[PDB]
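Colleague: The entry's author numbering puts the last residue of the sequence shown at 216; the count rises by one with no breaks.
Virtual Cβ for every residue (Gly too), placed ideally from N, Cα, C.
Structure incoming, see below.
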Amino acid sequence: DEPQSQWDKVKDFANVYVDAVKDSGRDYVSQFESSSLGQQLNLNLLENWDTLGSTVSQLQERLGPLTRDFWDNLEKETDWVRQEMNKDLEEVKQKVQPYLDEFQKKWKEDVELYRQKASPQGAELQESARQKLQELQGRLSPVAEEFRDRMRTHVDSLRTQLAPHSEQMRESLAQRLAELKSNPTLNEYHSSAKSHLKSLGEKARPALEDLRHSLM
């Protein structure tokens with residue numbers, strides 16, 4: 001029992017780590033979801049050119065486990081980061097009272113949920129499901145274009161979104177425990193959903209500030 005202004009501080013980082021993990025999910029789902037629909041979509045542009053028929057030569061066959069992959073994948077992550085968004089908010093403020101390890105604890109949780117989204121089993125699933133060939137051409141037909149372009153763009157964008165989110169996650173969570181442990185300062189603002197990414201970069205580790213500016 002020691003009321004003062006700790007509930008406000010804890011509530012800060014609470015949404016911080018959530019803003020990142022949540023931002024990575026929306027971008028992670030866009031790529032994956034774009035791969036499946038983009039596979040049959042691209043192939044169609046090729047056939048429609050003249051053939052005008054389309055089929056399930058692979059675009060559909062792959063689209064099956066594709067959408068289903070990211071589905072259950074993000075389904076857990078998103079559902080977690082979300083439910084934890086508000087939960088952790090009142091959980092961290094209620095844990096600080098009794099003096100718990102919500103700080104080091106959240107680190108084990110956040111990293112857990114990230115290990116999933118960050119590690120899309122679907123990426124290696126489809127990749128290994130075929131194997132016997134790398135990023136290149138070997139089908140002769142014009143279909144290799146959409147396929148190859150999709151194979152590369154798939155893992156490409158996937159790592160493109162996780163690339164930054166990965167470095168930021170290491171910085172946020174890092175300074176996080178340091179903020180509650182060191183206790184540098186405390187702010188009072190019921191941040192709902194307005195420039196949450198901007199305000200974060202301004203008070204985040206020396207690396208996100210670069211993106212905060214270059215991002216209307």
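So, with DSSP's three-state summary, where would you put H190?
Modeller: Coil at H190, not helix or strand.
Colleague: Which of the three DSSP states, helix, strand or coil, is assigned to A163?
Modeller: Here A163 sits in helix by DSSP.
Colleague: Pick from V96, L140, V18: whose alpha carbon is nearest that of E77?
Modeller: Of the candidates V96, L140, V18, the one whose C-alpha sits nearest the C-alpha of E77 is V18.
Colleague: Just to confirm the assignment, what range does the alpha helix (DSSP H) spanning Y114 have?
Modeller: 102 to 117 is the extent of the alpha helix (DSSP H) around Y114.
Colleague: If we call anything under 8 angstroms between Cβ atoms a contact, is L208 one with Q175?
Modeller: No, the pair does not count as a contact, with Cβ atoms beyond the cut-off.
Colleague: Can you list, in chain order, the residues of its chain with a C-beta nearer than 7 angstroms to that of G25? Leave out the 5 residues immediately preceding and following it.
Modeller: Correct list, in chain order: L74, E77, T78, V81, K117.
Colleague: Nearest to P184 by CA position, among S195, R170, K203, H196, is which residue?
Modeller: Selected option, being the one with the closest Cα: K203.
Colleague: Span of the alpha helix (DSSP H) holding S35?
Modeller: Residues 6 to 47.
Colleague: Beta-carbon within less than 6 angstroms of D8's beta-carbon, same chain only, minus the 5 sequence neighbours each way: which residues are those?
Modeller: For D8, where only same-chain residues beyond five positions count, the Cβ hits under 6 angstroms are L186, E188.
Colleague: Can you find the residues in the same chain that come closer than 8 angstroms, C-beta to C-beta, to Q60, ignoring five residues on each side of it along the sequence?
Modeller: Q40.
Colleague: Excluding five sequence neighbours on each side, which residues of the same chain lie with their C-beta closer than 6 angstroms to the C-beta of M85?
Modeller: Here the set comprises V18.
Colleague: Pick out whichever of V96, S166, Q83 has its Cα sitting closest to the Cα of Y114.
Modeller: Considering only alpha carbons, the answer is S166.
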